[PDB]
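Remarks on the structure that follows.
Residue numbers (my numbering): 2 to 49.
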């Protein structure tokens, strides 16, 4: 039961494991590693 039906900010670039040289902001949404995925909280817990 995910928080939202869409997973745009919760994207992952597994290609980083082998391949490389790709835009993070494009689709990776500044989230190439699971650690960065935590930033997804910014969507829910926002103060602005």
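Ideal Cβ positions, reconstructed from N, Cα and C, are used throughout, including at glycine.
Got a sec, what are the start and stop residues for the alpha helix (DSSP H) residue i sits in?
i, result
"residue 43", "42-45"
"residue 38", "35-38"
Drop a sphere of 10 angstroms on the beta-carbon of residue i, count the other beta-carbons inside from all chains shown, and report buried for 16 or more, exposed for fewer.
i, result
"residue 33", "buried"
Check whether the Cβ atoms of residue i and residue j sit closer than 8 Å, and answer yes or no.
i, j, result
"residue 12", "residue 29", "yes"
"residue 8", "residue 44", "no"
Assuming residue i and residue j are in contact, meaning their beta carbons sit under 8 Å apart, how far apart are those beta carbons, in whole angstroms?
i, j, result
"residue 37", "residue 31", "6 Å"
Near residue i, what residues of its chain come up, given a Cβ to Cβ distance below 6 Å and the 5 sequence neighbours on each side ignored?
i, result
"residue 17", "33"
"residue 2", "none"
If you drop the 5 nearest sequence neighbours on each side, which residues of the same chain put their C-beta closer than 7 Å to that of residue i?
i, result
"residue 41", "10 and 11"
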